[PDB]
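Please read the structure below before turning to the comments.
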Amino acid sequence: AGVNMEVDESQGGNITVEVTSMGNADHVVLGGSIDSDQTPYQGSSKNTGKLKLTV
Amino acid sequence: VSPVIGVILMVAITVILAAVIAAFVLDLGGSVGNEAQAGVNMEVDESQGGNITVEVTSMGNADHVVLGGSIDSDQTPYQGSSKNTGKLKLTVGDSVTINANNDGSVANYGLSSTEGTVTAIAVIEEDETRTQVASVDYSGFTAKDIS
Amino acid sequence: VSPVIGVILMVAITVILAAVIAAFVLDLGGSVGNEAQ
Amino acid sequence: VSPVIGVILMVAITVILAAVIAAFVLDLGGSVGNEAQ
Amino acid sequence: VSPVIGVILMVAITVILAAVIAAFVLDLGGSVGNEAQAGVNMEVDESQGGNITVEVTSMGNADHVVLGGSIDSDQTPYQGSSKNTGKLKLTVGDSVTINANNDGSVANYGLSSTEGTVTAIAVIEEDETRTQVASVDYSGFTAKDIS
Amino acid sequence: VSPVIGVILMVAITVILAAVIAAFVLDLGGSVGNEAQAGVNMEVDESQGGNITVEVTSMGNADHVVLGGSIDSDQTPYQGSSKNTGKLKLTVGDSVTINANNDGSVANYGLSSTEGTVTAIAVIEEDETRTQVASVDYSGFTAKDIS
Amino acid sequence: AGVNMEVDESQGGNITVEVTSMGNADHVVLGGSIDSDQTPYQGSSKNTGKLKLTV
Amino acid sequence: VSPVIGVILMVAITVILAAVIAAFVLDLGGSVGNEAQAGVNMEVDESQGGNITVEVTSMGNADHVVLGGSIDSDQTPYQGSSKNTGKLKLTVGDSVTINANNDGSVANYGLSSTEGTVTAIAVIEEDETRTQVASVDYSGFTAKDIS
Numbered sequence: 056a057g058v059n060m061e062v063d064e065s066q067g068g069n070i071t072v073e074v075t076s077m078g079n080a081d082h083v084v085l086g087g088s089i090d091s092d093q094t095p096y097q098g099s100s101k102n103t104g105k106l107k108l109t110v
Numbered sequence: 019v020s021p022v023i024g025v026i027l028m029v030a031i032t033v034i035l036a037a038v039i040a041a042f043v044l045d046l047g048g049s050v051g052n053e054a055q056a057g058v059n060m061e062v063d064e065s066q067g068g069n070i071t072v073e074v075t076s077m078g079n080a081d082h083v084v085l086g087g088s089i090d091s092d093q094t095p096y097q098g099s100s101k102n103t104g105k106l107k108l109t110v111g112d113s114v115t116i117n118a119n120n121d122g123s124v125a126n127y128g129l130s131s132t133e134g135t136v137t138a139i140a141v142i143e144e145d146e147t148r149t150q151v152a153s154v155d156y157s158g159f160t161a162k163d164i165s
Numbered sequence: 019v020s021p022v023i024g025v026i027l028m029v030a031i032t033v034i035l036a037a038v039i040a041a042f043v044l045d046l047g048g049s050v051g052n053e054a055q
Numbered sequence: 019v020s021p022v023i024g025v026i027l028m029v030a031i032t033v034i035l036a037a038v039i040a041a042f043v044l045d046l047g048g049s050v051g052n053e054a055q
Numbered sequence: 019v020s021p022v023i024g025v026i027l028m029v030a031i032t033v034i035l036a037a038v039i040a041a042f043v044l045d046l047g048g049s050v051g052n053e054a055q056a057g058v059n060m061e062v063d064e065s066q067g068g069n070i071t072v073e074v075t076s077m078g079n080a081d082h083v084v085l086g087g088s089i090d091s092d093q094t095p096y097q098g099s100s101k102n103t104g105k106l107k108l109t110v111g112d113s114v115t116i117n118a119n120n121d122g123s124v125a126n127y128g129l130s131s132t133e134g135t136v137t138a139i140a141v142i143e144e145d146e147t148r149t150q151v152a153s154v155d156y157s158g159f160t161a162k163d164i165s
Numbered sequence: 019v020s021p022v023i024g025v026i027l028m029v030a031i032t033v034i035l036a037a038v039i040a041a042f043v044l045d046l047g048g049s050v051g052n053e054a055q056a057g058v059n060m061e062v063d064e065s066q067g068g069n070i071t072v073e074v075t076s077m078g079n080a081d082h083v084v085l086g087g088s089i090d091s092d093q094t095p096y097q098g099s100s101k102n103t104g105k106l107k108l109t110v111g112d113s114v115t116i117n118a119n120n121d122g123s124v125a126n127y128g129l130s131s132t133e134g135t136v137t138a139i140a141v142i143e144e145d146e147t148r149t150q151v152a153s154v155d156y157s158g159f160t161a162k163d164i165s
Numbered sequence: 056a057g058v059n060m061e062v063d064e065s066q067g068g069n070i071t072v073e074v075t076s077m078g079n080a081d082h083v084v085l086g087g088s089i090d091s092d093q094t095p096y097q098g099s100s101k102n103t104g105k106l107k108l109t110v
Numbered sequence: 019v020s021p022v023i024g025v026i027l028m029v030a031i032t033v034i035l036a037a038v039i040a041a042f043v044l045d046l047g048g049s050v051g052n053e054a055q056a057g058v059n060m061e062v063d064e065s066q067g068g069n070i071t072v073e074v075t076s077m078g079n080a081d082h083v084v085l086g087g088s089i090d091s092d093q094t095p096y097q098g099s100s101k102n103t104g105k106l107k108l109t110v111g112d113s114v115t116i117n118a119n120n121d122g123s124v125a126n127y128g129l130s131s132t133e134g135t136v137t138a139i140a141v142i143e144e145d146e147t148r149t150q151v152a153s154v155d156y157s158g159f160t161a162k163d164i165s
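Chains as they are written, first to last, in the entry's author numbering: chain D, 56 to 110; chain E, 19 to 165; chain U, 19 to 55; chain X, 19 to 55; chain V, 19 to 165; chain H, 19 to 165; chain B, 56 to 110; chain R, 19 to 165.
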């Protein structure tokens with residue numbers, strides 16, 4: 056999959072994740088430092104860090 | 019005698035296993051597919067509440083362009099070629115304008131959030147390939163009774 | 019056999035990477051703006 | 019028989035190595051940045 | 019019987035050898051690294067003994083720029099942001115001037131040879147990658163008590 | 019009875035032979051090694067007897083760059099970072115100039131032949147891998163008392 | 056398995072281990088110079104060098 | 019005893035079969051060949067009945083360029099370096115002009131059809147490799163007594 060992740064460093068900072076191509080995958084999930092207990096800052100999600108990202 | 023018969027049997031096993039492996043590898047060789055290409059122009063007008071205008075300049079190899087991201091696809095976009103709903107099928111020469119302001123009984127003209135990202139997705143219907151070709155960030159908009 | 023399958027996989031990688039690069043360069047092509055006079 | 023199993027195993031190695039290379043090249047494709055004007 | 023057992027043993031050998039080869043090739047796949055990029059401006063003033071001024075306009079992907087070549091890093095450079103020593107850490111907006119003339123008890127202001135090349139090297143500290151981004155040749159300088 | 023005992027003995031032979039073959043093939047699987055990579059810049063100045071300047075822009079995976087070919091490694095090169103002898107250890111940012119002219123009692127400044135090839139060799143000390151990364155041809159030089 | 060190990064040489068140095076593919080393995084464990092008595096520097100672990108790494 | 023003798027005989031069979039397979043695979047390894055490369059310039063002049071001019075700018079690895087397609091190789095082409103017949107051997111610097119008009123007793127100057135395709139083919143005589151390097155479509159020509 057082609058996933059685009061970029062860091063905004065201004066005023067406390069934000070991380071925006073976008074998917075450009077699915078390749079052969081079904082969905083993209085986030086891992087690492089994710090506190091999946093909490094809802095992410097706006098975006099398509101509005102549910103929780105247990106994302107199912109698609110193009 | 020034993021070893022010759024063993025050779026025979028192992029050759030049979032080799033034939034069957036080769037058939038299986040051929041099937042697997044030939045399946046794996048046909049799976050590479052297209053990625054959609056299109057030239058989509060998205061621009062933000064920041065004056066007086068703000069508007070977003072999406073235009074397509076080239077189809078590349080895609081069939082149509084659909085919008086994603088912050089789109090409130092429940093509502094009709096602000097004029098443009100659309101006059102139907104955010105479930106657009108954009109093609110070269112089509113112009114659609116999105117607007118966060120509302121109008122009387124009608125809710126927002128396609129934008130629910132006052133800030134966010136709008137993404138343009140190129141679609142190939144033969145494969146169901148969906149590829150993101152453009153995106154633009156908007157902020158500082160407003161949601162009021164007229165535009 | 020191995021090298022043919024490797025070719026296939028690298029072509030897939032090429033498609034994905036080309037999509038990413040196309041997105042970047044098309045973003046960069048729309049940014050030139052006006053100066054007021 | 020040995021060579022067919024070897025082919026299978028080398029195809030598996032190819033898949034893993036292709037994944038690694040895809041990760042590297044996709045990281046390298048997102049790094050180009052702006053210069054201020 | 020013998021050939022079947024031989025097949026078994028050769029399959030075991032294949033597994034072990036495949037593990038070894040996988041290890042080697044996966045090591046070889048992670049080694050490609052960065053080359054440093056920076057826009058360094060070096061210019062020579064030829065009047066009255068001559069001076070060399072180094073300025074950095076863009077960091078690219080580097081962390082800092084260090085000087086090499088004919089640098090006498092034992093001595094402090096002629097004014098500029100440095101005022102410490104030829105062991106510079108140049109960043110965007112830093113100006114350092116080098117000078118072959120000396121001053122009283124102080125030896126040359128960074129240039130030992132009257133002619134030679136000064137090179138600018140971009141450094142990435144994560145990898146210790148060092149790449150030459152610019153160089154300039156100087157000649158006809160002088161080494162006297164003042165500049 | 020005879021054939022069963024023969025089967026047993028041939029299985030033993032198979033075990034020993036498989037051990038030998040495993041040893042051979044595992045030795046053969048560890049031998050693939052590195053080739054050195056470096057970006058070396060070599061240029062010829064053709065004016066007034068001529069000079070050759072060698073500069074390194076990138077180390078790639080090598081440890082240092084050594085010169086070969088027409089090098090008279092008996093003699094010190096013409097200025098540059100070297101000031102020791104043609105047995106150089108070049109690294110990024112190092113400049114060395116070679117010159118066919120001589121000076122008083124000193125023989126040529128690194129070039130014995132008036133025409134020939136100078137080659138740059140990248141060295142990896144872990145393996146003793148030596149790989150040629152660049153070469154340049156020079157001709158029409160001169161050998162006189164000064165440069 | 057496809058395991059990615061890289062060394063950061065700046066300011067005392069750090070080692071970051073990431074797994075990109077599980078292949079056929081269940082988990083990845085570290086060996087060699089590991090002082091498994093002590094907790095590793097941040098990352099997903101926060102427990103001890105007796106890791107069970109996954110993609 | 020039987021199984022040991024069977025092992026011996028199967029080893030002999032293995033030697034013979036390995037020889038056969040080696041012969042086959044070594045034959046298959048020498049067959050990959052060249053494709054011809056050349057830079058051929060073909061342009062159509064549409065004024066006053068029309069003419070086609072073919073020029074070669076680079077030989078690449080080919081020996082000569084021959085024309086194909088709509089060529090009436092029975093007739094001499096309109097001036098140019100040729101003055102012999104459509105069985106050209108074009109090389110860098112050669113210009114040949116083709117023309118569908120005829121002249122008195124002479125038939126067309128190389129073009130029989132009023133519309134069609136002319137193709138340029140690069141030839142390597144060592145292998146007899148023939149590769150198409152360029153083609154151009156022409157239409158709206160005429161066939162009359164003069165040009």
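A virtual CB, placed ideally from N, CA and C, is assigned to each residue, including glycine.
query	result
Check the Cβ of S20/E against every Cβ in chain V and list those closer than 8 Å, keeping chain order.	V19, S20
Secondary structure at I23/V, three-state DSSP: helix, strand or coil?	helix
Using a Cβ-Cβ cut-off of less than 8 Å, list which residues of the segment 131-152 of chain E approach chain U; keep chain order.	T149, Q150, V151, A152
Between the segment 32-43 of chain U and chain X, which residues of the former have a C-beta closer than 8 Å to a C-beta of the latter?	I34, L35, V38, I39, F42
Helix, strand or coil: which one does DSSP assign to residue 1/H?	Outside the shown range of chain H (19 to 165) lies residue 1/H, about which nothing can therefore be said.
Judging by CA-CA distance, which residue of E61/E, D90/E, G57/E is the nearest neighbour of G78/E?	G57/E
Between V25/V and chain E, is any beta-carbon pair separated by less than 8 Å?	yes
With 16 other CB atoms within 10 Å as the buried threshold, where does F42/E fall?	exposed
Taking the alpha carbon of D145/E as the point to measure from, which residue in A30/E, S49/E, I26/E, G24/E has its own alpha carbon closest?	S49/E
Under a CB-based cut-off of 8 Å, is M77/V close to chain H?	no
Determine whether the Cβ of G51/X lies closer than 8 Å to any Cβ atom of chain U.	no
Between which residues of its own chain and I34/V is the CB-CB distance below 6 Å, once the five residues before and five after are set aside?	none
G104/E and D121/E - do their beta-carbons sit closer together than 8 Å?	no
Would you kindly work out how many angstroms separate the C-alpha atoms of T149/H and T147/V, rounded to a whole number?	20 Å
Would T71/V pass as a contact of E61/V if the rule is Cβ separation under 8 Å?	yes
Any Cβ of chain E within less than 8 Å of the Cβ of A54/U?	no
In terms of residues, what are the limits of the beta strand (DSSP E) holding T115/E?	113-116
Does DSSP classify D45/X as helix, strand or coil?	helix
Name, please, each residue of chain X whose Cβ falls closer than 8 Å to the Cβ of residue 11/V.	What is shown of chain V runs 19 to 165, which leaves residue 11/V out entirely.
Taking 7 Å as the limit between beta carbons, can you name the residues of its chain near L106/B, skipping five residues before and five after?	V84, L85, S100
Could you work out which residue in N59/B, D63/B, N69/B is closest to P95/B when comparing CA atoms only?	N69/B
Does any CB atom of chain V fall closer than 8 Å to the CB of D81/B?	no
How many angstroms separate the CA atom of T137/H from the CA atom of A152/H?	6 Å
Assuming contact is defined by CB atoms lying nearer than 8 Å, are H82/V and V154/V in contact in what I supplied?	no
Using a Cβ-Cβ cut-off of 8 Å, state whether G48/V counts as contacting chain B.	yes
Can you pull the chain E residues whose beta carbon is under 8 Å from the beta carbon of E73/D, in chain order?	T135, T137, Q150, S153
From the DSSP secondary-structure annotation, give me the bridge partner or partners of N69/E.	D63/E
Determine the direct distance from the alpha carbon of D63/E to that of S130/E, and round the result to whole angstroms.	17 Å
Could you list the residues in the segment 83-98 of chain H with a C-beta less than 8 Å from some C-beta on chain V, going in chain order?	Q97, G98
Quick one: what's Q97/D bridged to in DSSP?	Partner(s): none; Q97/D has no beta bridge.
At least one CB of chain X closer than 8 Å to the CB of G67/B: is that the case?	no
How far does the beta strand (DSSP E) with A138/V in it reach, from first residue to last?	134-142
Can you tell me the Cα-Cα spacing of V29/R and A37/X, whole angstroms?	42 Å
I'd like the span of the beta strand (DSSP E) that includes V154/R, first residue to last.	147-156
Just confirm the distance between the C-beta atoms of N117/R and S165/R, as a whole number of angstroms; I'd bet it's less than 8 Å.	6 Å
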